[PDB]
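>
There are 2 protein chains.
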Amino acid sequence: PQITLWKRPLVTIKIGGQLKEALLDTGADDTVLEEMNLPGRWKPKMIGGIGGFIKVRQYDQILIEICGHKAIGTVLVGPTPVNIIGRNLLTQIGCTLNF
Amino acid sequence: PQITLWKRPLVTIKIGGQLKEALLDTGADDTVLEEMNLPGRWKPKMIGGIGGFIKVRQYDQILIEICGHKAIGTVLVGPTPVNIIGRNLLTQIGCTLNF
Ligand SMILES: CCC(CC)CN(C[C@@H](O)[C@H](Cc1ccccc1)NC(=O)O[C@H]1CO[C@H]2OCC[C@H]21)S(=O)(=O)c1ccc(N)cc1
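From first to last, the protein sequence lines are chains A and B. For what it's worth, full-length UniProt numbering labels the leading residue of the first sequence as 1, then goes sequentially. For what it's worth, full-length UniProt numbering labels the leading residue of the second sequence as 1, then goes sequentially.
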């Protein structure tokens, strides 16, 4: 679908068998979700935003469905202000910017 | 044009007679640019993201040209690591997400 930007581009995602709201964020290299219990192994990593760096748990090769589109990639879990879908997954669902 | 997301969506912009590179950021509510000396009045503001908040200067009715598309609106200026074009100006250039 085509999404205009008058409102935040929020969509429903399905990760680990749970539905969640997430922001499509072309300014994010990586996907970062709020604190949650995910199955599988994870490694501690650091990521930096506009206001500094935070500690996150890195889950690799996680299945995540975004508006009925399947992706399998890296998902970071930590104290992000909001669930964001970054380019690592936006590329997988075929997302482009157009103007 | 159509911008894929394999790499950061960086484009050339023109503001206050200066050319800069900036990120087309659907996750940013408002445009925030690196520290620069813009004339005119401004209002202090704080904006939040990963890592916390930064203090910025809010300028209103600022003209920016993005890839030849003109747009006028709020421009925040502060210690951001990257120039960010946010939804407030992305809507004005007819920019959409598509997948
Ligand atoms: C509240 C929703 C997001 C943060 C979650 C808002 N951000 C825009 C976002 O695109 C930001 C924009 C951004 C890009 C690059 C450096 C700092 C900020 N990218 C970002 O934080 O991405 C992180 C996750 O992927 C990684 O790649 C980029 C950093 C990591 S922001 O920078 O903090 C921001 C907040 C308010 C305004 N008005 C303008 C920008």
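Using N, Cα and C, we set each Cβ at its ideal position, and we do this for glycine too.
Indicate, with yes or no, if ligand 1 has a heavy atom lying under 7 angstroms from the CB of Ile50/A.
Taking the first residue of the first sequence as 1, we reach residue 50/A at position 50. Yes; taking the cut-off as 7 angstroms, the Cβ of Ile50/A has a heavy atom of ligand 1 nearer than that.
> DSSP on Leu38/B, reduced to helix/strand/coil?
By 1-based counting over the second sequence, the position of residue 38/B is 38. In the structure shown, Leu38/B sits in coil (DSSP, three-state: anything other than H, G, I, E or B).
> Within 10 angstroms of its Cβ, does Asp25/B collect 16 or more other Cβ (buried), or is it exposed?
To locate residue 25/B, count along the second sequence from 1; it is residue 25. Looking at its Cβ environment, which holds 16 or more other Cβ atoms inside 10 Å, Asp25/B is buried.
> Is the separation between the beta-carbon of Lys14/B and that of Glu65/B shorter than 8 angstroms?
As a working note, residue 14/B is residue 14 in the second sequence. As a working note, residue 65/B is residue 65 in the second sequence. Yes; because the gap between Cβ atoms is below 8 angstroms, this pair is in contact.
> With a CB to CB cut of under 8 angstroms and the five nearest residues on each side skipped, what residues in its chain are close to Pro44/B?
Walking along the second sequence from the start, residue 44/B turns up at place 44. Hits under 8 angstroms: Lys55, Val56, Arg57, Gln58.
> Comparing the CB of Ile84/B with every heavy atom of ligand 1, is any distance shorter than 7 angstroms?
Here residue 84/B is taken as the residue at index 84 of the second sequence, counted from 1. Flag set: Cβ of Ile84/B near ligand 1.
> Look at the alpha carbon of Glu35/A and the alpha carbon of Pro81/A, and state the distance between them as a whole number of angstroms.
Stepping through the first sequence from its first residue, residue 35/A is reached at position 35. Stepping through the first sequence from its first residue, residue 81/A is reached at position 81. One C-alpha to the other measures close to 10 angstroms.
> Which residues mark the beginning and the end of the beta strand (DSSP E) in which residue 126/A is found?
Nothing can be reported for residue 126/A, as the shown portion of chain A is limited to 1 through 99.
> Under 7 angstroms, CB to CB, which of the residues in the region 86-98 of chain B have a partner in chain A?
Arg87, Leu90, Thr91, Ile93, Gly94, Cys95, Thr96, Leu97, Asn98
> Shorter than 7 angstroms, the distance from the beta carbon of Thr91/B to the closest heavy atom of ligand 1, or not?
Within the second sequence, the letter at position 91 stands for residue 91/B. Taken from the Cβ of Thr91/B, every heavy atom of ligand 1 lies 7 angstroms or farther away.
> Can you have a look at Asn98/B and say buried or exposed, based on whether 16 or more other CB atoms are within 10 angstroms of its CB?
Taking the second sequence and counting its residues from 1, the one referred to as residue 98/B is at position 98. Only exposed fits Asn98/B, as fewer than 16 other CB atoms lie within 10 angstroms of its CB.
> When the Cα atoms are used, what is the spatial distance from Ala71/A to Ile62/B?
On the first sequence, position 71 is the one that residue 71/A refers to. On the second sequence, position 62 is the one that residue 62/B refers to. Taking the straight line from one Cα to the other gives about 39 angstroms.
> Cutting at 6 angstroms between CB atoms, please list the residues of its own chain near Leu89/A, excluding the five before and the five after it.
The residue you call residue 89/A lines up with position 89 of the first sequence. For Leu89/A, the CB contacts under 6 angstroms within the same chain, skipping 5 residues up- and downstream, are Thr31, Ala71, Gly73 in chain order.
> Closer than 8 angstroms, CB to CB, is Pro39/A near chain B or not?
Here residue 39/A refers to the residue found at position 39 of the first sequence. Interface criterion not met: the Cβ of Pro39/A is under 8 angstroms from no Cβ in chain B.
> What are the boundary residues of the beta strand (DSSP E) that includes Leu19/A?
On the first sequence, position 19 is the one that residue 19/A refers to. 18-24 is the span of the beta strand (DSSP E), which, as asked, contains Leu19/A.
> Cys67/A: which of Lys20/A, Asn37/A, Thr4/A sits nearest, CA to CA?
Counted from its first residue, the first sequence places residue 67/A at position 67. Of the candidates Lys20/A, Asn37/A, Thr4/A, the one whose C-alpha sits nearest the C-alpha of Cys67/A is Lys20/A.
> Return no unless some Cβ of chain B is closer than 8 angstroms to the Cβ of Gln58/A.
Translated into positions along the first sequence, residue 58/A becomes position 58. Not closer than 8 angstroms to any Cβ of chain B, the Cβ of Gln58/A fails to qualify, so no.
> Compare the C-beta of residue 107/A with all C-beta atoms of chain B and state if any pair is closer than 8 angstroms.
Here chain A has residues from 1 to 99 only, and residue 107/A is not among them.
> Determine the direct distance from the alpha carbon of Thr96/A to that of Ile3/B, and round the result to whole angstroms.
Along the second sequence, read from residue 1 onward, the residue named residue 3/B stands at position 3. Along the first sequence, read from residue 1 onward, the residue named residue 96/A stands at position 96. In a straight line, the C-alpha of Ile3/B is about 6 angstroms away from that of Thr96/A.
> Which same chain residues, not among the five before or five after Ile47/A, have their C-beta less than 8 angstroms away from its C-beta?
Translated into positions along the first sequence, residue 47/A becomes position 47. Hits under 8 angstroms: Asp30, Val32, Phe53, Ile54, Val56, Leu76, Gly78.
> On the DSSP letters alone, give me the boundaries of the beta strand (DSSP E) that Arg57/A sits inside.
Start at 1 with the first residue of the first sequence, and residue 57/A comes out as number 57. That run of the beta strand (DSSP E) goes 52-66.
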